[PDB]
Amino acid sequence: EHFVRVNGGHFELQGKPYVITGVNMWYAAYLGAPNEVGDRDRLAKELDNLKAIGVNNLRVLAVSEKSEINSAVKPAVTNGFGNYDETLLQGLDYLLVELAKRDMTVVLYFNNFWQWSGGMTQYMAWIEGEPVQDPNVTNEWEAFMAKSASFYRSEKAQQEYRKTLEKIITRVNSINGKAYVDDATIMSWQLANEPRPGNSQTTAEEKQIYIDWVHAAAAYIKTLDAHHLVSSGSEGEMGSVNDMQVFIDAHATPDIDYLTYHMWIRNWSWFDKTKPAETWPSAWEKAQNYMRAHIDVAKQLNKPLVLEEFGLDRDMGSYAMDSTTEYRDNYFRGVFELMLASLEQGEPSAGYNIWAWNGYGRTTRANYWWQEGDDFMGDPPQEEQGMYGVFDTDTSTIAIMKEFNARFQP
């Protein structure tokens, strides 16, 4: 029908500006599955609530790789190379039908730097014949990130990645009969969740391999689909081994239509969730700098910029649904205020996706750890259920979302 397009530093839909006022709901396609893995009744109710809060865009995982670790989604879409669960992919079909009824769009990412959907390290585990070592268990994060980036250098891994891209992009929706390439419900194809060049000791050669991978992968998708937007899923500078020139060079290709950045002030040690009053002022100074730096790059490259992930812990780091969210709420207000001013001033700030949406999902696990069969939440299986997710009962947070979702609309 009519697709979301780019014109300079903004998106357009039917010749009018389009601003992303979104959430991350990684599990939305799983929820559409027609078997016991799905919860279609819940999916419709969630999308009805989100639409009522002014949400126009979801960012969703397209594919997962089978993993045996206890920090990963189960079951998976890809049960060994080429062995796709068609019943689960009907969940993506169903999601696309449901979004289209509500004039909502989706950004679909095809891989994962991290472990919670298998992702790049699971590709390498299958190739190498050695199981993934869950970094939640080993705490060997530097080793993990290096293994994950080894994906870019593997010809077999790239062949298999390209096969998966082709499998999904050329899909026909089994429900409505729409080819995916013809479906304007899809806003963008996205290379991966948070692809990084490697660990803190990444070499110049490894930076170039990453740049070349982003270029080649985006160009490959454009051979399949000349018209949908393509984005990388990068965090920005923090996902570029703290080298903004890597970010710039990777995203300078015309086959990348818009820019992404993610902001994780607690993960980056700028904010201490157990010393929030003491650390908030410094964290906010650093967050505003991170936003400004990326807005400047978006001006340089003449592309829209989406804050496609950002979030903050509940008060004192609680996972409980009855805990307060004062710090999170004030953070979201600050980010929204700055971004709205940016947009008013004609800068390439083109919207956002909060990380993440829990909605009607619930856990009764004492340790807040997801187990197979448990409600899917915006917090994926590698984090406590309740870490960053916004519940339907988080009234104060939802009111802020409702307000700004309306204000960001042209």
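Throughout, we count residues from 1 along the sequence that is shown.
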Handout entry: Between the two ranges 49-57 and 32-40, the one averaging a larger CA B factor in the entry
Key = 32-40
Practice task
Quick one: say whether 137-145 or 264-272 has the higher mean Cα B-factor in the deposited entry.
Solution key: 137-145
Problem - C-alpha B-factor winner, where the candidates are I209, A298, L229, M316 - result: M316
Practice task
Can you pull the Cα B-factors for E194, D85, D329, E98 from the entry and say which is highest?
Solution key: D85
Completion exercise
So, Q201's CA B-factor, relative to its chain, sits in which third? The highest
Fill in the blank from the handout: On the chain's distribution of Cα B-factors, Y290 falls within the third called middle
Practice task
Divide the modelled residues of the chain into thirds by Cα B-factor and specify which third, lowest, middle or highest, holds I175.
Solution key: middle
Problem - Where the record places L312 (Cα B-factor, split into thirds across the chain) - result: lowest
Exercise for the section: Determine, from the deposited record, the chain-internal third of the Cα B-factor for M387: lowest, middle or highest. Expected result: lowest
